[PDB]
Amino acid sequence: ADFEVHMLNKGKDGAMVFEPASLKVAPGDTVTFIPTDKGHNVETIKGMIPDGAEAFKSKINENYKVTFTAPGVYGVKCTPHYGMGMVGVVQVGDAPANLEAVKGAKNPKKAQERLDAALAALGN
Ligand SMILES: [Cu+2]
């Protein structure tokens, strides 16, 4: 299955957001991250990807398609706007084994506030 996530300067949840900020997909599904506004990218957050997965980092302004392989929870950020809280979470499959490890990862305050909300929206 294929999904879309947009990067915007302003959304319902405030400035510098991924929409949706929380998404559950199946193993093998693809998500395209699309900078609707210019100046954004997507990168995995350190400490917030499952075992067996490889980190990724897109270029500024490109539409970046990723096929998620290893099951678990992935935290993503926009590189320039991580400190402003521009983050999101993608859960791949049921019963993510690294859910408890990702809740403990360290992030700047505004990002953590939004990651905690996004993790709670997954019923986590
Ligand atoms: Cu950004």
| task | Assuming 1.306 mPa s and 10 °C, estimate D for segment 68-114 with Stokes-Einstein, Rh taken as the Kirkwood radius over Cα pairs, in µm²/s. | result | 141
| query | Got the relative contact order for the chain handy, in percent, Cα pairs under 8 Å and 6 or more residues apart? | reply | 26
| Reach of residue 103 by Cα under 23 Å, taken over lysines that are not fewer than 8 positions away in the same chain | 24, 46, 57, 77
| Residue-by-residue Karplus 3J(HN,Hα) for segment 55-61, coefficients 6.51, -1.76, 1.60, Hz, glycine and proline x | 5, 9, 8, 8, 7, 4, 6
| Value of [θ]222 nm, deg cm²/dmol, for the chain, DSSP H segments ≥ 4, -39500 (n - 2.57) each, nearest 500 | -4500 deg cm²/dmol
| What residues qualify as long-range amide H neighbours of residue 22, i.e. H under 5 Å apart, gap of 5 or more or another chain, H built at 1.01 Å from N? | 89
| said: How large is log10 of I(q)/I(0) for the chain at q = 0.16, 0.17 Å⁻¹ when the intensity is taken from the Debye formula with one equal scatterer per alpha-carbon? | reply: -0.67, -0.77
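All of the numbers you see were taken from the coordinates with simple rules; none came from a lab.
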